[PDB]
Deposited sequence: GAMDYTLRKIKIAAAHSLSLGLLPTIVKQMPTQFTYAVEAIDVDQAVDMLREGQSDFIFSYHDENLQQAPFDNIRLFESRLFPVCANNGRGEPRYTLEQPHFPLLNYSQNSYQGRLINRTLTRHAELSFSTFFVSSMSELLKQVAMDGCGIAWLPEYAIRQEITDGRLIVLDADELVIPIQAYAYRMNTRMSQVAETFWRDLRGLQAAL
């Protein structure tokens, strides 16, 4: 009861909901779905989800928005243990850990890798779950573009090394999308309290 159905993109539900539900002023019920970027417009218009936590989709930007945070995508990889990166960008056919071809982050990385034809890589692991790519990268199996907030503590400890920070960086902005049409009594209550909570992410 008093359910709030949220469908988030394949890699930003973790960085948001734990902090949201803990700091939420009043108590709701939550149902969370990991959807692709393509299924964002349709699920809102049909009412499949009351709110969609997605990136900067300018199609949704008859909708209302609220920017949750701002981050970047840094190419990272685990170290040898010597303090040197296990792989390197200038290495012939380095193992690449990428997102799916239909994900929002996957299209950004493949866009940058097309522009920078200097990088010679080999696809090794592809999945739209950023948590899976993060733990696969820590094993030292390849290079991955990971969000800064998702590896902030791992970057501090040299268990993941930043390989580039000038041109291979992809800025990302996460939003919470709502239809401008007024919703239930509980959805407006949740949307208001989240707006009163954006000073915590």
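Enquirer: Any chance you could give me the deposited-sequence numbering of all the stretches lacking C-alphas?
Expert: Since the structure holds only modelled residues, the stretches it omits are 1-6, 68-69.
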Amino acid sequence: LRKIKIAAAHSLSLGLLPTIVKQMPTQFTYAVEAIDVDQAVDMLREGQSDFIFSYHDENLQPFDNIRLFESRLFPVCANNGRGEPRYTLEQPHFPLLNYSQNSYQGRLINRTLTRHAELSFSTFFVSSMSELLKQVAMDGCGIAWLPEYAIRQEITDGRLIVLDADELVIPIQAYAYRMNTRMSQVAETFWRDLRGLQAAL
From here on, numbers count along this sequence of modelled residues.
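Enquirer: Tell me which stretch, 52-60 or 168-176, has the higher mean Cα B-factor listed in the entry.
Expert: Averaging CA B-factors over each stretch, the winner is 52-60.
Enquirer: For the higher mean C-alpha B factor in the entry, choose 65-73 or 141-149.
Expert: 65-73 has the higher mean C-alpha B-factor.
Enquirer: Can you tell me which third, lowest, middle or highest, the CA B-factor of residue 26 falls into for its chain?
Expert: Residue 26: CA B-factor falls in the highest third of its chain.
Enquirer: Just say lowest, middle or highest third for the CA B-factor of residue 2 relative to the other modelled residues in its chain.
Expert: Ranked within chain, residue 2 CA B lands in the highest tercile.
Enquirer: Looking at the temperature factor on the CA atom of residue 197, which third of the chain's modelled residues does it land in?
Expert: Highest third - that is where residue 197 ends up once the chain's C-alpha B-factors are sorted.
Enquirer: Ranking every modelled residue in this chain by its Cα temperature factor as given in the entry, which third contains residue 103?
Expert: For residue 103, whose C-alpha B-factor we compare with every modelled residue in the chain, the answer is the middle third.
Enquirer: Split into thirds by Cα B-factor across the chain's modelled residues, where does residue 43 land: lowest, middle or highest?
Expert: Highest third of the chain for residue 43's C-alpha B-factor.
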